[PDB]
Every structure is written in C-alpha cells, then in structure tokens.
Amino acid sequence: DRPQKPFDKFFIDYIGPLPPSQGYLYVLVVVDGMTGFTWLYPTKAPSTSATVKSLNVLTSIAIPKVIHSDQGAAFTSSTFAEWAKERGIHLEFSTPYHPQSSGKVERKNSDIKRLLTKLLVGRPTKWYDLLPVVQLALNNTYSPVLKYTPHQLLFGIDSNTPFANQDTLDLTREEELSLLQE
Amino acid sequence: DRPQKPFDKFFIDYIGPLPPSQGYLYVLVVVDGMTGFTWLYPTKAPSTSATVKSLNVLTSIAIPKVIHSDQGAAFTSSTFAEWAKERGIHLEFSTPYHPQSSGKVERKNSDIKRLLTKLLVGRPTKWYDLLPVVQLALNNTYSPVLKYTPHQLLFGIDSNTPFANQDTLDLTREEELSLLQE
Amino acid sequence: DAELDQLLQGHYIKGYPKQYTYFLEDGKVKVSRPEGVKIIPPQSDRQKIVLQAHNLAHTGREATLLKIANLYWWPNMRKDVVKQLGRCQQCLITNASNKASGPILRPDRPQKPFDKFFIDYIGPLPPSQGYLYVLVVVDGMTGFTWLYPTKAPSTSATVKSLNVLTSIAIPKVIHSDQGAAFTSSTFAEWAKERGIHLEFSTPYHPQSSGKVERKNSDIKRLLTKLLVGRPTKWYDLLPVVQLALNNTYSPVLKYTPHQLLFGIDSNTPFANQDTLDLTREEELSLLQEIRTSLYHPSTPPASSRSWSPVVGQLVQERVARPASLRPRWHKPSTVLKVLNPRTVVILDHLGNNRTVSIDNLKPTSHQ
Amino acid sequence: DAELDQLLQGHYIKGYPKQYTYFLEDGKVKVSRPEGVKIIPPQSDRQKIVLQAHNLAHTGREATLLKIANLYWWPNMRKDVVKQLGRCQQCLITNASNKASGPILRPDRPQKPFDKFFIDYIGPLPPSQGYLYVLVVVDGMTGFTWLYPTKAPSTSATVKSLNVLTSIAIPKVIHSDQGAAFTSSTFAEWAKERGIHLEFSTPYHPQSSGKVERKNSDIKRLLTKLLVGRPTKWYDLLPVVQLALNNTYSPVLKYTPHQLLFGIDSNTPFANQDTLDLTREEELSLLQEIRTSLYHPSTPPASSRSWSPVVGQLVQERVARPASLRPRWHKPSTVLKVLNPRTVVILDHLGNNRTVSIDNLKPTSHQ
DNA sequence: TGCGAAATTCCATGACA
DNA sequence: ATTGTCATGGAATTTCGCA
DNA sequence: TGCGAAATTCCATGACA
DNA sequence: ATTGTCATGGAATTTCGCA
Ligand SMILES: COC(=O)CNc1c(C(=O)NCc2ccc(F)cc2F)c(=O)n(O)c2nc(OC)ccc12
Ligand SMILES: COC(=O)CNc1c(C(=O)NCc2ccc(F)cc2F)c(=O)n(O)c2nc(OC)ccc12
Ligand SMILES: [Mg+2]
Ligand SMILES: [Mg+2]
Ligand SMILES: [Mg+2]
Ligand SMILES: [Mg+2]
Ligand SMILES: [Mg+2]
Ligand SMILES: [Mg+2]
Ligand SMILES: [Zn+2]
Ligand SMILES: [Zn+2]
C-alpha cells in the first residue's frame, strides 16, 4: 500500500457558533490528514456558500484528493458535491452520529477547540485577528507520534516561528471564573 | 586681395510703404553681395525694432561680416548699432543722398522692385503669401555676369525649382491700365 | 485503439520501441519506461490531452511536455505539443518573440542639400510665450536644421513654418513619421503644389526618422544646458540653439552642417578661414568633393538569433496601443513583398495592405 | 606674454616645437603650421578661449577643439579643453554616459522556502469588482506565488493580505521596492512585531525585485490569455492564475514552484506520481537534495566598456523624475562604500547617505 | 560501434509602469 | 544600508533504438 | 630609425514621447 | 508603399618632434 502523503485527505468541520468577531461567527477547520497541518477560515454561517468561498482560497494553493467531513448540511448539499466534482475532489462522509476521522486528526481538533477556548476568554470578540497566530501555533506544535511538527512535514524545513513555550492549554483558575460569567 | 565670398557683405534696404497685406506694409530686402542671394522679410514699419526682428531670423542662419545700408533712420539708430556690435557685424553706410552698393546688387534690387510691381497689380493686398515664390524666382534667376544663379553660388548645387520661364518683368498693356487706376 | 491492441500481444508498431513491455492495467495501455510506468493513450485522445495540459497555464513546448510526461507517453509527444502551440490563438498573440530583428540598414546619405528633408515635432514642452511644440526640419545631406516654435503639431503650423523655410529652397522629398500633422490631405496638397514628394516612415518606428530624432536629442540637450537654474523660457533660445547646432562640428565628419551646406563659415565665432585664398568657384569645387567623401556607416553584424522576412511567411504586427491585460501582437498575417531586409508589406489583420518595419513584427512561432 | 616674447626672437620654450617659424603679425603671435597660420594666444587668455568655444553649443572634447583649431594653436590644447569640460556644470549634469554598468550579480537563491519573500504591486488594472491592484508575493527559494487583489497599493491592504499569508508561515525576510506601501513606518512595525526583516531595493531599480517582477510578467501574460475576447474581469481569475503558475514547470529547473515548496503535487491535473512508493520522510529527503542542486546562473561577461565603482570616485545619480528640459543627472557625488560591484553608498546631493544601484549612476567625466 | 532520429539541453530574446 | 529573472522556441547537443 | 608623447581615430554607449 | 543616428569620452592607434 502507498504511504500516506500530504493532500491525500483533508478533514473539514465547522466550529461554532462563536461570539461575533468582525462579523464572523464560525471557523471552518481544515486539517491535512498526513501532516496534521491546519487551516482556519472564518465564515459567517455553516453554509455551502461559506464553505465553497473558504475552500476556494485553500484549493487555490493545494487541492486534496479526498475531503472528509461529517454529514453536516453544508457538506452534503448538491452544490458542494458539484463543487468537489469540478475540482476532482472525492467527498467522503463519516456515518451519521458516528464521527470518525483519525487519531492524529481527532487530537488535532481537540487542540484547536481547546486553544480557541483559552483565548476566547477575556476577549471573545477579537478572535478573527488571532486566527493567524493560532494556525502558526497549531502547525508548529511538536507531534509526539511523528516527532515532527505539521510545518516540518509539509515543507521539509524547520520554521522561523518555533513554539517552544507551550500554553497550559487548560484554563487557569482565573480563566475558569471569567468564563462561567460569559 | 582675398576673393569675395558669401556672407562677406549683406545689403539691406526697405521697400515700401506697400498696400497692406495681412497687416504688413514694408519689405526688408537683404541681398548677399557676392552671390546675389536675396532674403525678403515683411515688416509693419521701417523701424529698428522691425529690422532687428527680421534680421534676427536671418542671423540665426548666417551672420554677415558687414551689413551695408543707406543712412535710413532704422539702420543709423543706436539700437541697431548695439545690435550689430553684439553679433560682431560691422555696419557700413553709404553717403547721404549718394546710395551706392554694387552693380550686381543694384541690378538685383531693380529686379526685386520690378518683380514686386508686376505681381502687385491685380492683387495688391496678397503679396505677403507671394514673398516665398518671389525669393525663389529671384534666387534662381540666371546671372549673365557670373553665369550662375544665386542659389548655385550659395549652395554649390543646382536647384529643384529652376526658373527657365522668365516673366516679361515689364507691365503688359493691360497691367499698365489696371495700375494707373490704383 | 486498434493500433494499441496489436501492441499488447507483442506485435511491432513503428514509433513504439520493441525493447519495452507494453501491458494492460485498469483498462489502460501502459508501458514500463525508465522514468516509470506511463499510460499510452489512443491516438484519438492525444490531442485532447495536449490541450488540457497546455491550457493549465498556456505553457510553451517544454513546460507543457513536462506536464504530459507525468502521466502519459506516446511516440513523438513534442510533435503533438508543438502542433497545439501553433493552433493556440491566445499564445500566438500574447507571447513575446525570442528572435531579434535583422541588422539595421544604414541608408545612403542624400547626395545634395535639399534632396531630402526629415521633419518631426518636439513636444509638448513647458509653455513658452504661448508655444508648446517645436517643428524640427533637418536637411538629410548636411544635417542643417531649422527650428520653428508652434502651438500645436498641426498641419496649419507645419505649412506656415515650411512656407517660410521654402523661401530659401524647395526640397525634392520631405520625410516624416505618420503623425497627424504630416498625413493629412491638406499637407499632401501643399507638397504636391510645390513638387515635393512626401515620404513616410513605417508606423510606430521612430528609427526611420532617426536623422531628425537624433537632432531632437541635440536640441533638447542644448536647451537643457542653457536653461539650467533658469525658468524654462525656451522660445527665445530656439534661434540661439539653431545657430549653435548648425555651426557645431561633427567629430566623425570633421565639418559643421553650415559648412556642408554653404562651403564657408559665416561671421560666427571661430569661423574657419582655410579657404580664404580660394575663389568661390574653387571653394564650391572643394565643397562638392567634401560632400561625396563623407563617412558612411555600414550595416552592423546580425545578432546570433535574428530573423529576416520571407515572402509568404506568417508574421504578426505589434499592437500599437495595447490596452491593459490585452495581447501585444495582432493575429498572424502574411508577408506580401519584402521591400528591404527591414521593411515589408503585409496582408493586415483588417485585410488591408500595410507597410511595416520588421521591428514591429514577430515571426509566428511553430510555423 | 613673456613666454611668447622669448619665442619670437627664436629661443626655445618647452612644448613649442623648434622647427616652426613663430612670427608676429597684427600684434598677435602666430605660427605657420601645416593646417595654416594659427594665432598663439598668451597663456592668460587660453582659458577664456576654451570657454568661448565650448559655450557655443556646449560641445565635448573634439567638437570644441575643432572650433579652437580654426583660429588658434598652443601646446596641449585638448588638455585645456578637457579641463574646462570637467568644470562645466551644465555638461556634467546634462550629458549622457558612454560607459555601461558592470555586469549584473546573480544573487544566490534562498536556501529554504520562507527565507525571503519578494513582494510588489501590479497595477493599476481595469476595475474588477472594485479592485485595481494585485499584491504579488513570491517566495524566493521556490518561486511559489500568492496573489491578493487590493483597491490601492497601500500599507493597510498589504498588511491585511500578509496577515492572511503569514497564517501559513512567517518569512525571515521580506524584500520589496521602495514604494510607499512598504516604506511606511506602519509596515515596519508590522514586520518587527512578527520578527520579519524588511529588505529594500535600491531606489528606481526594479531589477532588484527581479524575482517578483519576472513573476508579474507571467501573471499578466496568463491573465491576458484567459481574458482574450472577454471583458477584463480579472478578479475571479487571480485564484486560477495563482494555482496555474504555482503548478507550472520551469524548464530549466524541471520543477514547479509547488513541488519545490511541498515535494509532492496536490490533486491538480497531470500530478507527478514518481514518489508514490516513497514515504513522506524519504520524500522530504529527496526534496532537500533537490532544493540544493537547483540551477544557478553566473554573472555574465562584462561589456567591453563597463565601469566599476571605486571608493572616492566622483559619480552622479540619475534624476528620478526629470522635468522637461531639465538635467537627467544630479551634481557629482562621492562613493563612500562599495557594498558590491553593483551597489554603492554615496554622499547625496542633499548631503545624505544614499544606497543606489550603479545602473542609476554615471562616473563623472574628465575626473 | 555507429547511424538516423528523437529527446534533451542550450540560450538569446524580451518584458516585468 | 545591498544584489535581475526566467518562459520561450529554434538551434546545438546528447541520447535512444537498433544493429 | 626609433622612442615617448601628443594628436587623431576608433567606437561602445545611450537617447531622440 | 521603404530604410536609424550621431555626440561623447576613454581607449586604441597613428603621427609628431627629435635624434
Ligand atoms: C515606437 O515608438 C512610438 O510609439 C512612437 N513615438 C514617437 C516618437 C518616439 O518614440 N521617439 C523616441 C525614439 C525611440 C527610438 C528611436 F530610435 C528614436 C526615437 F525618437 C517620436 O520621436 N516621435 O517624433 C513621434 N511622433 C509622433 O507623431 C504624432 C508620434 C509618435 C512619436
Ligand atoms: C526605473 O524604473 C522605475 O522608474 C520604477 N518603476 C517601477 C517598476 C518598473 O519600472 N517596472 C518595469 C521593469 C523594468 C525593468 C526590470 F528589470 C523589471 C521591471 F519590472 C515596477 O515594476 N514597480 O513594481 C514599481 N513599483 C513602484 O512602487 C511605487 C514604483 C515604481 C515601479
Ligand atoms: Mg460538523
Ligand atoms: Mg533706404
Ligand atoms: Mg513625431
Ligand atoms: Mg520624434
Ligand atoms: Mg513596485
Ligand atoms: Mg514592479
Ligand atoms: Zn495557449
Ligand atoms: Zn558645457
């Protein structure tokens, strides 16, 4: 069997609704299955229109062979199907109510939800500006299994922004109190 | 003694006043003494100002060593003297009431006055447009003494407008009658 | 399909080397080549493949082949690639040329003064006394130049200026570019009335007026020097500059334009006095021999990859004022006649006859 | 005057050849030379003579000498002529150079992706969806290019576009020309906040941004081809063109920019599949060796009359936007440091330090 | 071991306000 | 304190297929 | 009959929207 | 149906002044 490679499979899913930040409410999460590389796109709705608009940006850089997602309405629409067929992207869906992806991808999506929470508190409406630095942190997080960050696996080089200072990724006692109030 | 050459001496004099043609009343006549080459400049007055204005055109093509003229007021002024001194042109005047120049120049000025008269009749106010073709005719008139036209002596070449059909230069019986009426 | 069927059973087909194993896998004929396993598509599908590969980024020969070679192999792939490049209209009219024009001609200097005038306008310039342009008239033989300030590069200002100039002499031929002032019917009638032949440059080729253009350089250069640290009041300087340049030595000729025109300096500063003891007739004799012995440059060596026009060749004219994001070249046209190695008549994109300089032509690639 | 007095009586003075008869006529010392009789002016008058001859038409060495030689002779005339040419401020700042710049450098390709971005704006273009400009960001190592439509070449549109780009990776160095969008303090703070070093081209030298400028050519060329016979709606094509060029082979490299960046093609048409059996770690190993073995051009041969800058040399900077009838060159300035054979620091005409390309310099003539 | 032809490389040319 | 670049298609050169 | 230096010629370079 | 040109100043070459 052929070894796994970047662009073999993109895992997409929506995070939200979030507090409004510069008019955006959702984040389309795209994770490459082999490298763990993450792209974050802010959308205004979990719609096919918003998904196509954001994936058109990504697919102007690299086109995946397969897009995996759950049976979410935006991804199971006939419009999104025609969109994928036009780019030669095979759509692969997880069973309804049985969301499965990959250990590496499952853990990556955990990190994204926890990292977003950690920086949502104290400024829940300023996350649109923070999406760049979140993707950098996610993509320069050391992978205990592969012993390479997503950046290193995607580009074959070290990064100019290594993240050796890992956040606690857990909410400090003061961030738990300021979150139970929101 | 050094042979005579073009630009050694320019003979200048005013012809006029003439009938008004496009606002001009006089013709400043400039004849090179060696070649007989003629330049005609229409002026509005026989003034130093008009003379300087017209000779500035000519002296932007070729500067004579000597300008000869009669004791006409425009040529004996201190302004015209300063003008000639600035260009290194020596001014030479004929004796008052004793206008002398040169056989070739005397005859040339006769031709100019007679040629102007011949074409003044019938259209006395349209001579400004005719000055170009008058200079051409004058400068391509065969010289019986030198056996070369002024054009040939100035440029060392034949001309593209040879004037083999000489005007009568005399007034026909019908041009004498239409002139005695004006 | 039938051609490839005989290949699978091991029968030889010209173009397909025998030393390779041609097999079938996943309903596609494949070959095990050094670079890897490639798909051999049937003849009937290869044109569509070359087109799909070319149309990704409208790439040329090698960049298109490298795409196709990633998946496919067949005999003489580049032959099919080049065939598409010559049919792709967008590439033909958008791509640059990679072949230089043949070497320039150095037309013979006119034999006599007034044989040929070259004329052109300079401008617009900073307003001076209400004037914006300068009519520049250069005699071809002598370089002797007349300067006329005008308010527009118009026919009316050209005629008015040349009626004064032609007071001194009528030229055989006036050469100009195809500007509006010179191509109007009003200017043609003016020249026909005086027996002057109007000769025009090929369009959009100022080299053809190089005699005057080069003098424009000297005029602007002298004007600039005289105007340093002053407001640009150039109107009163035109007579000064005209006199100055007409009496300036050309180091290669060893003569000024005034001397080539008159054979003797006038009362200008540093007037040459060598012919002072000769008569005018002896002076003109020496002048006639000087005019014939003047240095004349020769055609330079052709650059290593130059092209020369051939009757019947497909060539393309450069678009004059190409809009933004629009092609720089017209659709291909045919060379009708070769007037000289640098000038041709073509069957225009509108269907007309057009005389163009090869500097505004490229040969159509891929024949 | 005393020098010439001893010459008339027949005494020898160095510089004046003895074999000529130096006589007096009309109060002027004269010599009977082959070309004729010339006036030998006293030393104290020769500077004024050279100046009067030069100032007729501000002529160079030979055209000025030929004027003086018409009347005068003295020892080493050209030496006095050249001395004036080097003191004539108008000639120094108006005349063209006749010495070409030294041969171009071919700076080493960046070792890694994201080591150096080159950025620049294209535009203005025909309005498309309200947009007029395109921010072009080219990775130096790979050629991989990002395209962003903007309404102005502004800092705010640059920052907004690069904040999206730097989501993927932060570069070590961003290189740009000295346009307003990139030189503003707002852009500097943006780059300092992210640890990016801003590197600027020398002024008025687009060759220095040649990496992006060359990619601008490909972008406009592809846009033009896709827009043939259509209204120029280029906004929706930027993603298409970006993908197309990033996946286009460079015939000399044998790789696409996508491949140099990722080491494997994505799901684009004609995706190369050579590394399909290698693991990702083996693939990246092959990628690291490919990035190091890429073709690198060398400095071309210097042209036969090129100049190279020397510390202390008098040089002149080209005027950026020279007005009509105004000099093309600034007053002479001194080379302070030679950063490389094509880049220097000069003591500016305003007194400042300025880093300029020698393509915008000429060496001051006559030392 | 060498031929004709195909394939690859070479590289001048030109354009990126 | 900074620096030209590279797609292009004929031509030159090398390699291939066969013997 | 030849040397050093001055003088002349050569000519690449660049600009004429 | 038309076509590059030529001032410039270092460098290359030739000529001069003297012996
Ligand atoms: C290809 O260049 C052009 O587009 C033509 N530009 C002109 C030019 C022009 O491009 N001049 C610059 C130039 C470039 C190269 C050259 F060898 C000489 C030259 F003058 C011009 O000089 N004149 O006089 C024009 N006169 C016109 O009359 C209306 C129209 C255009 C020009
Ligand atoms: C000397 O050329 C100029 O005057 C500079 N022109 C520009 C140019 C320019 O002249 N481009 C043409 C060009 C010419 C030669 C070259 F090697 C590359 C190139 F792009 C440019 O490309 N960009 O991007 C500019 N950006 C600016 O930012 C405000 C300002 C000017 C330019
Ligand atoms: Mg979901
Ligand atoms: Mg009188
Ligand atoms: Mg013109
Ligand atoms: Mg012109
Ligand atoms: Mg720019
Ligand atoms: Mg640019
Ligand atoms: Zn095409
Ligand atoms: Zn000067």
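Below, all heavy atoms of this structure are taken into account, side chains as well, without hydrogens, waters or symmetry copies. Residue numbering restarts at 1 for every chain, and letters A, B, ... go by the order of the sequence lines.
Taking 4.0 angstrom as the limit, D:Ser365 places a side-chain polar atom (N or O) nearer than this to OP1 or OP2 of H:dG10. The phosphate of H:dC6 has neither OP1 nor OP2 within less than 4.0 Å of any side-chain N or O from C:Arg221. Listed pair C:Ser303 / E:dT13 meets the phosphate criterion, a side-chain N or O lying under 4.0 Å from OP1 or OP2. Between D:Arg106 and F:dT5 there is a side-chain polar atom (N or O) within less than 4.0 angstrom of OP1 or OP2. Using a 4.0 Å cut-off, no side-chain N or O of D:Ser217 falls inside it from OP1 or OP2 of F:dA7. For the OP1/OP2 pair of H:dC16 and a distance below 4.0 Å, the side-chain nitrogens and oxygens of D:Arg33 include no atom meeting the criterion. At the phosphate of H:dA7, neither OP1 nor OP2 sits under 4.0 Å from any side-chain N or O atom of C:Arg214. Neither OP1 nor OP2 of F:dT2 sits under 4.0 Å from any side-chain N or O of D:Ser201. A close approach under 4.0 Å does occur between a side-chain nitrogen or oxygen of D:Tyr20 and OP1 or OP2 of H:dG17.
Of the two grooves of the paired bases, the major groove is the one approached by C:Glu62, whose side-chain heavy atoms come under 5.0 Å of its edge atoms.
Applying the Watson-Crick and G-U wobble criteria (two distances, each under 3.5 Å), F:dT15 pairs with E:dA5.
Residue D:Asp120 is classed as having no contact, given no heavy-atom separation below 4.0 Å to the nucleic acid. As judged by a 4.0 angstrom heavy-atom cut-off over every strand, C:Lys116 is placed among the base-contacting residues. Note on C:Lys79: nothing from the nucleic acid sits closer than 4.0 angstrom, heavy atoms only. Residue contacts shown for D:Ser208 are limited to sugar-phosphate atoms, with no base heavy atom under 4.0 Å away.
In summary, D:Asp218 and D:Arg221 engage in a salt bridge, as defined by a charged side-chain N under 4.0 Å from a carboxylate O.
Applying the 3.5 Å distance criterion, the base of E:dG14 shares no donor-acceptor pair with the side chain of C:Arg328. For a distance-only test at 3.5 Å, the side chain of C:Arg78 fails to qualify as a donor-acceptor partner of the base of E:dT9. Between the side chain of D:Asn95 and the base of H:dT8, no donor-acceptor pair of N or O atoms lies under 3.5 Å.
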